[PDB]
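Heads up, the thing below is written out as structure tokens.
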Number of protein chains: 8
Amino acid sequence: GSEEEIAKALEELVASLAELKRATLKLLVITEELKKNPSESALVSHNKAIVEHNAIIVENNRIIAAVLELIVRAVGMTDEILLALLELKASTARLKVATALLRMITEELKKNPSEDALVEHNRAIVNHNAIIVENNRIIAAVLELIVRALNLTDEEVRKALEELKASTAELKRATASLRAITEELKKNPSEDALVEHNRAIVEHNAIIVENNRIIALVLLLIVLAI
Amino acid sequence: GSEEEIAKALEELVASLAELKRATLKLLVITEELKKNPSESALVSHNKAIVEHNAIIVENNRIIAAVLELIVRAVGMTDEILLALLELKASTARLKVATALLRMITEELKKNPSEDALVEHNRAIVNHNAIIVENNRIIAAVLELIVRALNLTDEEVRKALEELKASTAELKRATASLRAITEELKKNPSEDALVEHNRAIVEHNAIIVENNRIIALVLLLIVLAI
Amino acid sequence: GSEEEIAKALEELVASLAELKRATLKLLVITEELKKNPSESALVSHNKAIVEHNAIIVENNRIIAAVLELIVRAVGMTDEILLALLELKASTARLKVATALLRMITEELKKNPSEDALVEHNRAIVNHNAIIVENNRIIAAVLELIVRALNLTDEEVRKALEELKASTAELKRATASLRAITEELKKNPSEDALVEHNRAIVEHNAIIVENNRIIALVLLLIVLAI
Amino acid sequence: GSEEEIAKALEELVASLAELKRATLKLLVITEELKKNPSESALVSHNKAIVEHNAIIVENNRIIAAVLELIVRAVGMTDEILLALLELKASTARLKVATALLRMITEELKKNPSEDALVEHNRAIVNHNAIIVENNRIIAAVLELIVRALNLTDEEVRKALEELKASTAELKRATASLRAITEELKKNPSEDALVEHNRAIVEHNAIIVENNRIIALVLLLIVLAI
Amino acid sequence: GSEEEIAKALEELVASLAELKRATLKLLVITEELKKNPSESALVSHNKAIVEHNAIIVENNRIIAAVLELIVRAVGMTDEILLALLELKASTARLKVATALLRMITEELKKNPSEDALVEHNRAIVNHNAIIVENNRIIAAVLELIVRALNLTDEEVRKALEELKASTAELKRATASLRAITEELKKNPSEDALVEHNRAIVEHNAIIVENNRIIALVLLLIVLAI
Amino acid sequence: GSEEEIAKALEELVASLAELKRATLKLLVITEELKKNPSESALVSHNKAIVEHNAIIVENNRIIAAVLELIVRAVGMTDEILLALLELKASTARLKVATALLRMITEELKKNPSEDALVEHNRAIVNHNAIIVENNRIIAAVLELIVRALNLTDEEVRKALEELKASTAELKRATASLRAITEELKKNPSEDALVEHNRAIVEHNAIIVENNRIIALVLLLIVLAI
Amino acid sequence: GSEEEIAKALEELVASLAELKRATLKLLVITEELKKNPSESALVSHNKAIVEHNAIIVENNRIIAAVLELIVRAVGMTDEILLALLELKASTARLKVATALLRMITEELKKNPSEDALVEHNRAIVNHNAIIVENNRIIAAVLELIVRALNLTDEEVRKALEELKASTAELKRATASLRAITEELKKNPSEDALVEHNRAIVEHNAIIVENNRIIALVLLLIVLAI
Amino acid sequence: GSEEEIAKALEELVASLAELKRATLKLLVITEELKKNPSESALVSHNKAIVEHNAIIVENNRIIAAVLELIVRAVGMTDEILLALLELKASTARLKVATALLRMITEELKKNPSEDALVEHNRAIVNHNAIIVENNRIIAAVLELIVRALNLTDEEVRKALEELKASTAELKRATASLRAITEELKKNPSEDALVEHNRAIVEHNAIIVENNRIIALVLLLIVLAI
């Protein structure tokens with residue numbers, strides 16, 4: 001795209017980041033309220049709020065993928081870039097699918113809530129997040145390839161990629177930990193467990209938001225360096 | 001006011017009536033959903049929907065009081081009209097107060113829901129409706145006075161007033177019936193009772209909406225007859 | 001307004017006239033279908049179609065009043081013009097009120113239809129039309145005053161005013177005739193009467209549409225002569 | 001506008017000219033058919049075809065006015081140009097009004113044809129054409145001013161302006177002649193006269209089409225010279 | 001564009017070149033027939049054939065400009081390239097305008113032919129050709145810039161550019177010669193002159209076709225070298 | 001644009017200049033307070049105030065670029081002007097990008113402040129300013145071209161351009177000096193250095209504000225001279 | 001506009017005239033104080049007071065232009081009136097521009113005062129005044145046209161226009177004289193010259209105030225005569 | 001308005017009447033002093049006192065017009081009343097305009113007094129009074145209509161209206177006489193004439209004060225009768 005398109009889309013990206021931050025703060029609020037005064041309708045409303053937070057994350061990742069396609073068309077594709085963009089477009093579609101899946105089981109839970117339904121819903125949230133994580137790993141791989149293809153020497157870019165690789169390994173570890181406690185919950189579901197689990201989910205989402213911040217710093221540094 | 005003001009306000013009134021009808025249909029839907037698949041979070045969400053429906057009714061009654069004030073200033077006050085308008089303005093303020101009361105105990109229920117809280121909330125809904133009923137009786141008394149003061153001979157107006165008086169006596173009977181089953185619920189609260197009770201509430205609200213329709217026909221006939 | 005505004009508004013007027021003609025043809029169709037195969041749901045749907053046709057007529061009269069206000073501001077007010085425009089604005093508001101009244105009793109009929117309700121609805125249609133007639137008389141009086149104030153000597157204009165005065169006296173006679181058969185129906189209501197009556201209504205509406213055509217010719221001739 | 005807009009609009013102009021020529025040929029055909037086998041339905045259909053031909057001329061003049069506004073914004077306004085463009089915009093609106101007037105009396109004739117209605121319709125066609133003529137005189141005055149403002153020395157332009165001034169004086173004379181035979185017809189209406197008159201109308205329209213051709217040559221020469 | 005678009009468009013270009021060659025051969029035929037048996041209707045038909053040949057050249061130049069825009073978007077704009085492409089787009093629009101001008105004066109000649117009209121038409125053909133020449137000079141300048149911007153070392157490209165620069169200077173000389181004999185004809189118009197002149201026109205068009213062949217060799221060599 | 005648009009936009013420009021001056025005074029205040037009582041939270045708040053001051057500068061440069069686009073469309077583009085405006089539009093987008101980058105690392109510093117983060121933030125402020133400088137150099141080159149294209153002989157304009165060229169060379173020198181001390185700080189970071197550095201930043205911003213004042217004097221003189 | 005709008009705006013005009021008179025008296029005071037005790041800070045403060053006086057004059061001329069637009073819309077435009085109002089709107093925008101220019105060089109003088117800066121400031125005041133003069137000449141030409149268009153025979157109006165033409169020619173002569181002494185000062189700048197010059201400026205402003213008084217008498221007479 | 005508003009405004013009216021009486025006595029004093037010891041500065045100061053007396057009359061008429069607007073809104077408008085109130089509001093604005101005109105030529109006289117200026121000032125006073133007279137005639141017509149609309153049978157009101165009509169005819173005669181001697185003065189201006197004229201002015205003002213007294217008695221009787 002043109003510099004006007006790229007710049008406009010980065011303004012939309014930073015707007016989406018501000019909205020994502022605000023939603024993360026709100027989710028932390030309702031997580032505290034649930035911790036202090038846990039109840040069945042509180043659990044249902046908290047889960048629905050988590051679903052809307054995830055939908056904001058998905059829109060953030062869509063805008064990032066759009067910006068990257070404009071950036072790569074600016075610089076030019078390469079073999080490894082083209083294979084990573086085909087992987088990115090696949091993961092984007094898989095995410096839209098899992099987003100619809102999550103929203104539909106959310107509506108089932110809202111209509112007919114029960115503890116078993118909360119367990120199933122939490123496990124489906126953990127699978128949706130694992131798909132977001134894979135989307136972020138592919139986006140990070142694309143940015144790694146774009147920087148290596150440019151041969152960009154900016155120490156600000158190298159520093160931001162060291163941050164992005166650290167955030168990616170941290171996000172893998174947090175994803176594994178969340179799948180582990182999810183398998184615990186599935187074995188021993190209880191309201192106290194549902195609360196501890198939703199807490200760990202909110203920590204995982206916070207780590208994903210940090211990942212999206214680092215990704216946005218890499219995009220901004222690249223767009224300045226080209 | 002001028003004929004433009006009255007006509008504009010009647011456009012706002014008919015818009016509010018269409019909105020009220022739409023909300024009544026929606027409320028009947030969720031009442032059926034609650035009847036078929038009753039649950040605690042369904043009860044909480046149903047009660048919150050009743051609160052938003054009542055807020056729409058209150059705005060309808062506010063617009064009616066505004067129209068009547070413009071109509072009476074058009075025709076001129078009289079002793080009994082002025083005394084009924086002072087009674088109307090008092091009842092309007094009492095309704096704004098009870099509306100805030102209901103919204104605040106609604107937020108308490110949403111935050112900390114339980115069966116006892118649902119009973120208390122249903123009793124406060126029944127008191128809010130009883131205040132709406134008194135508001136409608138005073139508005140009907142005002143229209144009765146305006147027509148008798150004009151000495152208006154239109155048989156369409158007399159017919160609509162016979163409808164309005166029948167609807168008013170019906171609304172007294174329905175209010176008494178709802179207070180009776182409310183005193184039963186308070187004595188013997190149960191989920192099955194909470195469901196049967198919310199059903200009776202929705203029937204009472206439907207009768208109030210019929211009353212507001214007849215009231216709007218009387219206002220339209222009066223504004224045409226002057 | 002400016003010549004661009006007036007011309008645009010006359011394009012809107014001629015568009016509304018084409019729509020009105022199309023609706024009149026459609027209404028004649030359903031009148032024939034009702035005559036051939038009369039039934040209760042056919043009666044209800046015919047009345048609802050008459051209500052939508054009347055709403056189109058009312059929008060036509062609104063556009064005519066707008067155009068006349070722009071024309072008079074173009075030429076300049078005069079004592080009799082200003083008094084007639086205040087009479088026109090009053091009749092416009094009264095018409096918006098009666099339009100809402102009719103739509104609301106239409107919804108009552110649709111929801112709770114019966115032969116008595118059809119009679120009451122037909123009488124309310126006849127009153128709505130009588131208000132349309134008064135709106136047309138005031139609009140014709142305004143155009144008579146505008147032409148006399150300009151002192152316009154065009155024989156095409158004089159001819160169109162002879163047509164407009166003939167159409168106005170014809171419309172008074174037709175209105176009286178329709179009120180007469182309405183008083184018959186109210187005395188002796190029957191399905192055969194409801195059919196004959198709805199036929200006479202549709203004839204009356206056709207005469208109103210002829211009046212609106214002549215009115216539009218007068219506006220076009222005036223706007224060309226200034 | 002940009003050179004792409006001007007070129008596109010001149011392609012639209014030449015397309016409209018080809019369509020206008022085709023319509024003129026068709027109109028000459030039906031004029032001959034009417035001359036050979038004159039009849040009432042032939043007269044009505046011939047007049048309706050004249051109305052559609054005039055609508056094509058009006059669209060041609062709208063496109064010419066658009067092109068001139070883009071051309072003048074290209075060169076820059078001047079006092080006499082701006083006053084002539086305000087005269088052009090007024091004449092454009094007056095023409096849209098008379099076009100709607102003509103179409104509506106056309107529909108009246110088609111619906112209720114008679115010899116008197118044919119006379120009135122032919123006279124209204126002659127007035128519509130006289131308005132087209134005034135539109136063309138203003139467009140020619142604008143082009144005269146644009147060329148004199150540029151101080152353009154091209155002998156091809158001077159030749160085309162000598163053609164345009166000759167065509168304009170010819171069009172004044174032909175318009176006067178057509179108004180003269182129209183006043184004859186109005187005095188002595190007969191089918192033989194209606195036929196001879198429609199023939200003279202079609203000759204007048206042909207002269208207007210020649211005027212529009214010369215106007216388009218002037219626009220093309222100007223757009224090449226800037 | 002993509003390699004599929006570029007290749008398809010070059011297939012369209014070579015198709016247009018074959019069509020242009022065929023048309024040039026046909027035009028030489030009718031030029032000989034006119035030389036052997038010159039006559040007024042032969043002159044008119046020959047001129048119309050020249051107009052259709054020029055229209056084919058114009059379509060060829062449109063396709064060349066399209067291909068160049070796809071090629072430059074492939075390589076990237078540069079200051080001098082962007083300024084030459086804006087000059088090219090201007091010349092393209094000027095050519096579409098002059099093409100319409102020529103077609104319209106062609107139709108005037110066909111309808112009302114005379115020796116004076118043939119002289120004027122031949123002079124307008126010579127001006128149209130001079131515009132084609134300027135279009136070709138700009139296209140050649142664009143290709144010169146594209147090759148210099150790539151820094152392309154292919155001796156086949158350098159050879160084709162030496163041919164293109166020689167053809168361009170030859171085309172300037174031939175254009176000047178044709179304007180000289182055109183000024184003679186305008187001074188001393190005669191049928192023998194019209195024939196000798198149309199012969200010189202056909203020679204000039206043949207030189208333009210040679211220019212378009214060399215241009216196409218440069219485009220093909222560039223598209224292979226990138 | 002019209003004289004109203006240009007004048008309104010220059011009123012917005014002078015309003016932005018007054019706001020920029022006020023912000024510069026405020027920044028000098030807090031710079032002194034930091035010098036007298038330096039502390040980590042004082043450093044963080046000072047840096048955030050510098051970021052808001054830079055955002056005001058960026059809005060000032062956007063309004064200047066808007067005015068220049070209206071001015072050039074008033075006079076007409078030229079080759080060197082169009083190339084400089086494309087350079088300006090690119091630099092405008094690059095500035096919006098770097099502005100978002102700065103705001104995001106500002107939020108990172110505010111959330112997780114430390115001395116290392118202050119060093120990195122100061123280096124990013126110096127890069128943002130260097131981009132503002134490049135924006136101002138391009139704007140000055142554009143104004144130089146507009147004046148030379150008009151061939152404007154006003155001695156007031158020549159004087160203001162000698163001021164603008166002196167301010168531009170001064171701004172280059174100050175930018176280089178600030179990058180030099182930034183490389184010192186990066187080598188030897190300390191609180192005392194951070195303070196001395198923020199002082200030099202504020203001096204650099206003051207020089208940019210002088211540049212924007214001279215630019216506005218040139219725009220005002222040009223708009224009067226056209 | 002309506003009689004209320006015109007009258008209100010004339011109340012604003014007479015208020016602005018009273019304020020202008022008061023400011024002229026104050027400026028004469030400080031002019032005398034400067035003459036008696038001339039000094040650099042006295043010169044700076046006197047010049048700033050002259051700038052605020054000129055800003056009051058500019059607001060006076062804005063209100064006058066507003067009133068004239070309401071008056072002409074009351075009576076109706078004409079060709080020469082419309083061209084003079086376009087000239088007035090242009091001069092109004094040019095004045096707002098020169099007003100901003102003056103205020104900004106005023107702030108430059110206040111911040112960095114010197115004898116050279118005082119000379120430059122006085123020359124810019126003289127240019128600002130020359131623009132005020134042109135604004136007043138255009139306003140007087142508009143009033144001359146409005147009166148001639150009305151064909152107003154009132155001897156009070158003719159007398160006031162003879163006064164207005166005399167004041168206008170006097171203002172031209174005074175403007176030329178002030179430009180002459182300005183060219184002296186620029187040639188031979190000295191504190192004694194700066195003082196003598198500021199004296200001549202204050203005399204010129206007094207003559208402008210007399211012009212605005214006569215203009216207001218003409219507006220009042222016209223508004224009474226319409 | 002309310003009875004409190006009407007009563008308060010009538011208290012303001014009676015206060016203004018007392019002030020008007022006091023001012024009339026003072027003006028008679030200075031008229032006598034001028035008669036005994038006539039001189040140019042006595043003439044100037046007397047005229048300025050007449051201007052302040054006229055300003056008091058204008059404020060009296062404003063308060064009366066306010067009271068009438070409250071009274072008519074109390075009773076209700078009618079066709080002739082509404083047309084007279086529009087005439088009253090117009091005359092009120094025209095009077096505010098002529099009041100400003102008089103005050104401004106008063107300031108011109110005070111600043112630059114001379115015998116010619118005194119004559120011109122006296123003629124402008126006589127025109128100002130003629131506008132006051134027309135204001136009073138319109139106010140009397142409004143009161144005549146208000147009383148006739150009420151159909152008020154009070155003999156006190158009929159008597160006061162016979163007084164008001166006599167005062168009105170007397171005021172017409174006195175106005176004509178004053179215009180006659182004003183036309184004498186304009187023909188034969190002299191100090192002895194200026195004195196005799198100011199005397200006749202003071203007699204006219206006394207008649208206006210009698211008119212305002214009768215008008216206020218009629219308002220008081222009406223407000224008691226409603």
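Labels used: A, B, ... for chains in the order of the structure tokens, numbers from 1 for residues in each chain, and numbers from 1 for ligands as shown.
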* To do: Determine, counting only C-alpha atoms, which protein, DNA and RNA residues have an atom within 10 Å of an atom of residue 79 in chain D; residues of the same chain fewer than 5 positions away are not included. Present the result as a PyMOL selection string.
  => (chain D and resi 84-85) or (chain G and resi 79-80+83)
* To do: Please provide as a list in words all residues within 7 Å of range 23-30 of chain D, with the sequence filter that same-chain residues fewer than 2 positions apart are discarded (counting only C-alpha atoms).
  =>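 These residues fall inside the cut-off: residues 19, 20, 21, 32, 33, 34, 46, 53 and 206 of chain D.
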Produce a file of the selected residues containing C-alpha atoms, as a short mmCIF file (atom, residue, chain, number, x, y, z; two decimals), in the first residue's frame.
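Result went into out20.cif, see below:
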```
data_model
loop_
_atom_site.label_atom_id
_atom_site.label_comp_id
_atom_site.auth_asym_id
_atom_site.auth_seq_id
_atom_site.Cartn_x
_atom_site.Cartn_y
_atom_site.Cartn_z
CA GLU D 19 -27.90 9.11 -29.32
CA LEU D 20 -29.46 12.48 -30.19
CA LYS D 21 -28.75 11.98 -33.90
CA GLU D 32 -43.33 10.77 -42.21
CA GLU D 33 -45.54 7.90 -41.06
CA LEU D 34 -47.89 10.39 -39.37
CA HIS D 46 -45.90 11.16 -32.18
CA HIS D 53 -36.60 13.39 -27.86
CA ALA D 206 -33.41 19.33 -36.10
#
```
Pick out the residues sitting within 10 Å of residue 94 in chain F, and hand them over as an mmCIF file with C-alpha atoms, in the first residue's frame; count only C-alpha atoms, and ignore anything fewer than 6 positions along from it in its own chain.
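New file around.cif:
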```cif
data_model
loop_
_atom_site.group_PDB
_atom_site.id
_atom_site.type_symbol
_atom_site.label_atom_id
_atom_site.label_comp_id
_atom_site.auth_asym_id
_atom_site.auth_seq_id
_atom_site.Cartn_x
_atom_site.Cartn_y
_atom_site.Cartn_z
ATOM 1 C CA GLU A 3 2.260 5.554 3.026
ATOM 2 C CA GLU A 4 -1.193 7.010 3.621
ATOM 3 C CA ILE A 6 0.019 2.115 5.999
ATOM 4 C CA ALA A 7 -0.119 5.126 8.324
ATOM 5 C CA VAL A 223 7.687 0.921 8.746
ATOM 6 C CA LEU A 224 10.102 3.638 9.825
ATOM 7 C CA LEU F 88 5.885 16.433 2.025
ATOM 8 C CA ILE F 131 11.871 13.692 11.899
ATOM 9 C CA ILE F 132 10.126 16.976 12.758
ATOM 10 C CA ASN F 135 9.382 17.823 7.893
#
```
* Excluding residue 107 in chain G and any residue of its chain fewer than 5 positions from it, enumerate the residues within 12 Å of it, using only C-alpha atoms, and give them as a PyMOL selection string. => (chain F and resi 17-18+21+213) or (chain G and resi 44-45+47-48+51+100-102+112-113+117-118+121)
Store the residues of this selection in a file with N, CA and C atoms, as a tab-separated table (two decimals), in the first residue's frame.
```tsv
chain	number	residue	atom	x	y	z
F	17	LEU	N	-0.22	28.26	16.71
F	17	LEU	CA	1.04	28.90	17.10
F	17	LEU	C	0.97	29.47	18.51
F	18	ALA	N	-0.13	30.14	18.85
F	18	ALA	CA	-0.29	30.63	20.21
F	18	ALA	C	-0.26	29.47	21.21
F	21	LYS	N	3.35	28.26	21.50
F	21	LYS	CA	4.13	29.15	22.35
F	21	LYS	C	3.82	28.90	23.82
F	213	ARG	N	7.48	29.68	13.47
F	213	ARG	CA	7.09	31.08	13.37
F	213	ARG	C	7.51	31.67	12.03
G	44	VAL	N	7.28	51.14	21.70
G	44	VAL	CA	6.73	49.78	21.65
G	44	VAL	C	5.29	49.75	22.16
G	45	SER	N	5.01	50.40	23.29
G	45	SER	CA	3.66	50.36	23.83
G	45	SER	C	2.68	51.14	22.97
G	47	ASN	N	2.91	51.53	19.63
G	47	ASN	CA	2.64	50.66	18.50
G	47	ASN	C	1.67	49.52	18.84
G	48	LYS	N	1.86	48.88	19.99
G	48	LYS	CA	0.90	47.84	20.38
G	48	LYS	C	-0.52	48.40	20.56
G	51	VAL	N	-1.99	48.70	17.22
G	51	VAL	CA	-2.44	47.40	16.75
G	51	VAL	C	-3.80	47.03	17.32
G	100	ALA	N	-3.78	39.01	11.15
G	100	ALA	CA	-2.88	38.03	11.75
G	100	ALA	C	-1.42	38.34	11.50
G	101	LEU	N	-1.07	38.75	10.28
G	101	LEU	CA	0.31	39.14	10.01
G	101	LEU	C	0.78	40.24	10.97
G	102	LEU	N	-0.02	41.29	11.10
G	102	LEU	CA	0.34	42.39	11.98
G	102	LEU	C	0.48	41.95	13.42
G	112	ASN	N	11.59	41.23	20.80
G	112	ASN	CA	12.96	41.57	20.40
G	112	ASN	C	13.00	42.96	19.78
G	113	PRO	N	12.66	43.99	20.55
G	113	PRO	CA	12.53	45.34	19.99
G	113	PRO	C	13.87	45.97	19.67
G	117	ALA	N	13.46	47.14	14.01
G	117	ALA	CA	12.18	46.48	14.18
G	117	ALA	C	11.04	47.48	14.27
G	118	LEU	N	11.26	48.64	14.89
G	118	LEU	CA	10.22	49.67	14.90
G	118	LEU	C	9.94	50.20	13.51
G	121	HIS	N	8.00	47.58	11.70
G	121	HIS	CA	6.65	47.53	12.24
G	121	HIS	C	5.80	48.69	11.75
```
* To do: Give as JSON, numbers by chain every residue of chain H that touches chain B within 12 Å, counting only C-alpha atoms.
  => {"H": [1, 73, 74, 75, 76]}
Using N, CA, C and O atoms, can you write the selected residues to a file as a PDB file, in the first residue's frame?
```pdb
ATOM      1  N   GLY H   1     -48.711  36.627  29.570  1.00  0.00           N
ATOM      2  CA  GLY H   1     -47.992  36.581  30.830  1.00  0.00           C
ATOM      3  C   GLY H   1     -48.910  36.376  32.018  1.00  0.00           C
ATOM      4  O   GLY H   1     -50.129  36.299  31.867  1.00  0.00           O
ATOM      5  N   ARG H  73     -51.135  37.901  24.319  1.00  0.00           N
ATOM      6  CA  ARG H  73     -50.939  36.488  24.618  1.00  0.00           C
ATOM      7  C   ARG H  73     -51.873  36.012  25.721  1.00  0.00           C
ATOM      8  O   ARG H  73     -52.246  34.835  25.748  1.00  0.00           O
ATOM      9  N   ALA H  74     -52.257  36.900  26.641  1.00  0.00           N
ATOM     10  CA  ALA H  74     -53.260  36.552  27.644  1.00  0.00           C
ATOM     11  C   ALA H  74     -54.622  36.258  27.022  1.00  0.00           C
ATOM     12  O   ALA H  74     -55.221  35.209  27.278  1.00  0.00           O
ATOM     13  N   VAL H  75     -55.124  37.176  26.197  1.00  0.00           N
ATOM     14  CA  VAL H  75     -56.443  36.997  25.590  1.00  0.00           C
ATOM     15  C   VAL H  75     -56.429  36.028  24.412  1.00  0.00           C
ATOM     16  O   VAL H  75     -57.434  35.355  24.157  1.00  0.00           O
ATOM     17  N   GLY H  76     -55.328  35.936  23.677  1.00  0.00           N
ATOM     18  CA  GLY H  76     -55.337  35.291  22.375  1.00  0.00           C
ATOM     19  C   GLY H  76     -55.314  36.257  21.208  1.00  0.00           C
ATOM     20  O   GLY H  76     -56.058  37.241  21.161  1.00  0.00           O
TER      21      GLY H  76
END
```
* Calculate how many Å separate CA of residue 39 in chain H from CA of residue 110 in chain H, rounding to one decimal. => 14.4 Å
* List the neighbours of residue 37 in chain E out to 12 Å using only C-alpha atoms; skip same-chain residues closer than 5 positions along the sequence, and give me the result as a PyMOL selection string. => chain E and resi 30-32+42-43+191-192+195
* Structure fact -> Closest of A:90, A:109, A:77, A:178 to residue 130 in chain A, counting only C-alpha atoms, is A:178
* Asked: Please, what distance in Å, to one decimal, runs between CA of residue 93 in chain B and CA of residue 142 in chain B?
  ->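 Distance between the two atoms: 16.8 Å.
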Give me the residues within 12 Å of residue 89 in chain D as a compact mmCIF listing (two decimals) with N, CA, C and O atoms, in the first residue's frame, counting only C-alpha atoms and dropping any in the same chain fewer than 6 places off.
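As written to disk, selection19.txt reads:
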```
# COMPACT_ATOMS: atom_id res chain seq x y z
N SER C 2 -33.36 28.86 -3.30
CA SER C 2 -32.76 29.10 -4.61
C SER C 2 -33.45 28.25 -5.68
O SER C 2 -34.13 27.27 -5.39
N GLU C 3 -33.23 28.64 -6.94
CA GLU C 3 -33.81 27.91 -8.06
C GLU C 3 -33.39 26.45 -8.06
O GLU C 3 -34.18 25.59 -8.46
N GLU C 4 -32.18 26.15 -7.59
CA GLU C 4 -31.79 24.75 -7.45
C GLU C 4 -32.64 24.04 -6.42
O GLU C 4 -33.09 22.91 -6.66
N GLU C 5 -32.90 24.67 -5.27
CA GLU C 5 -33.73 24.04 -4.25
C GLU C 5 -35.15 23.82 -4.77
O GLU C 5 -35.71 22.73 -4.60
N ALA C 7 -36.23 23.59 -7.86
CA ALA C 7 -36.24 22.57 -8.90
C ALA C 7 -36.08 21.18 -8.31
O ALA C 7 -36.79 20.24 -8.71
N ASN D 61 -27.93 19.00 -22.86
CA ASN D 61 -27.62 20.33 -22.33
C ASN D 61 -27.10 20.27 -20.90
O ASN D 61 -26.23 21.06 -20.52
N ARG D 62 -27.57 19.31 -20.11
CA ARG D 62 -27.01 19.13 -18.77
C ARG D 62 -25.55 18.73 -18.85
O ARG D 62 -24.70 19.26 -18.13
N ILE D 64 -23.48 19.31 -21.32
CA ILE D 64 -22.72 20.46 -21.78
C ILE D 64 -22.43 21.43 -20.64
O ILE D 64 -21.31 21.93 -20.50
N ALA D 65 -23.45 21.74 -19.83
CA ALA D 65 -23.23 22.62 -18.68
C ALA D 65 -22.21 22.05 -17.70
O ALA D 65 -21.38 22.79 -17.16
N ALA D 66 -22.20 20.73 -17.52
CA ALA D 66 -21.20 20.13 -16.64
C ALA D 66 -19.80 20.33 -17.21
O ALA D 66 -18.87 20.75 -16.50
N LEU D 68 -18.75 22.59 -19.29
CA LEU D 68 -18.37 23.99 -19.18
C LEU D 68 -17.95 24.37 -17.77
O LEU D 68 -17.02 25.16 -17.60
N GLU D 69 -18.63 23.85 -16.75
CA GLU D 69 -18.17 24.16 -15.40
C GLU D 69 -16.77 23.61 -15.12
O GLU D 69 -15.93 24.31 -14.55
N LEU D 82 -18.54 34.52 -14.72
CA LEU D 82 -19.32 34.15 -13.54
C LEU D 82 -20.78 34.58 -13.67
O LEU D 82 -21.69 33.83 -13.31
N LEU D 83 -21.02 35.78 -14.21
CA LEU D 83 -22.40 36.20 -14.43
C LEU D 83 -23.11 35.35 -15.47
O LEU D 83 -24.29 35.00 -15.30
N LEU D 95 -35.24 24.89 -17.07
CA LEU D 95 -35.46 23.80 -18.01
C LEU D 95 -35.89 22.52 -17.29
O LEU D 95 -36.76 21.81 -17.79
N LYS D 96 -35.27 22.17 -16.16
CA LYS D 96 -35.75 20.98 -15.45
C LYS D 96 -37.22 21.12 -15.06
O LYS D 96 -38.01 20.17 -15.19
N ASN D 135 -31.61 28.26 -23.33
CA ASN D 135 -30.47 27.54 -22.77
C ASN D 135 -29.29 27.51 -23.73
O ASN D 135 -28.13 27.72 -23.33
N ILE D 138 -27.48 30.90 -23.95
CA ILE D 138 -26.61 31.17 -22.81
C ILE D 138 -25.34 30.34 -22.89
O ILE D 138 -24.24 30.83 -22.60
N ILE D 139 -25.45 29.06 -23.26
CA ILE D 139 -24.27 28.22 -23.47
C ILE D 139 -23.34 28.80 -24.54
O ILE D 139 -22.11 28.84 -24.37
N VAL D 142 -21.53 31.76 -23.05
CA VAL D 142 -20.44 31.29 -22.20
C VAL D 142 -19.22 30.91 -23.03
O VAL D 142 -18.09 31.26 -22.70
```
* Using only C-alpha atoms, determine which residues lie at most 9 Å from residue 119 in chain H, disregarding the query and same-chain residues fewer than 3 positions distant; provide the list as a PyMOL selection string. => chain H and resi 114-116+122-124+182+185-186+189-190+194
